[PDB]
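Counting starts at 1 for both ligands and their atoms, in listed order. Positions are given from 1, in the same order as the sequence printed here. Reckoned from all heavy atoms, side chains included, excluding hydrogens, waters and symmetry mates.
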Amino acid sequence: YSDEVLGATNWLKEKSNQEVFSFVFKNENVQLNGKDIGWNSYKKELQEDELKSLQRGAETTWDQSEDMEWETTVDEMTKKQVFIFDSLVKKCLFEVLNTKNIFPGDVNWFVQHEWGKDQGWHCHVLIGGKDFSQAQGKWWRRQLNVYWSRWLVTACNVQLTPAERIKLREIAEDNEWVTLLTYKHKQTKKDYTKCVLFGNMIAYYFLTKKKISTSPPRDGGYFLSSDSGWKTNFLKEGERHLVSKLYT
Ligand SMILES: [Cu+2]
């Protein structure tokens, strides 16, 4: 019952029923003219001040949540790419917040990088607040995917021709490398934005995952999490499970 654990539990419980959007930021493997662009082919560290700051935040979040009782053998390249994607994902969120003139302190958000059995690396984002309404979900997904595709093409470390960069840009948009949670439906039928409950989803689902500590990553494990209150960022796996237990 450290202050950190109690603090996170209290913060989430107060936001238990806050409606938010659920996004997933991802990428897919691409071959363009014989050039392989994989999940970790985006390792340029762009020297933009805010991005640099965000990447430092991800590094230190990893460092403080590392359990050293147990050894951690995650590939350094994998760690680097996840830190970079953390900075790029948040850059996308913040760019759209700016478009809507939303004060970042009026926003609740949660970010968690995971490794799926099938899709590999992806990043869950929960985001919402007083300036958010359900009908805006599709616009948000489209805008986030514009910025995500733009930043990925800038961060790509594969030598691409201009034609190849534009092709990659359109692939990332056309194939929806940012997804939005919707209610299950038919292909023809409309899809409605499905808002989720912020505190509940974090405590009862995201904080229950197992920490990736090896390469290749455990199926369904998480790398790293963070939130708008810096509450879950530094928690070790055991502490995260304690938060779920206390939340109940
Ligand atoms: Cu996932």
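For an aromatic pair to be called close, the ring centres must be under 6.0 Å apart, and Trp39 with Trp115 satisfies this. Checked against the 6.0 Å centroid threshold, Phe25 and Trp148 count as a close aromatic pair.
Taken together through direct or relayed side-chain contacts under 4.5 Å among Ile, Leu, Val, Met, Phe, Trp and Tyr, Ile202 and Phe23 form parts of separate hydrophobic clusters.
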Applying side-chain hydrogen bond (donor to acceptor under 3.5 Å, both in side chains) to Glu114 and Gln112, what does each step give before you reach the verdict?
CA-CA 6 Å; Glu114 299 185 351; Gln112 177 155 302; 2.8 Å; yes

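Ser225 and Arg240 share a side-chain donor-acceptor pair at under 3.5 Å.
Here the protein contributes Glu114 OE1, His122 NE2, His124 NE2 as N, O or S atoms under 2.8 Å from the Cu ion (ligand 1).
With rounding to the nearest 0.5 angstrom, the OG1 atom of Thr60 is 10.5 Å from the CD atom of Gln55.
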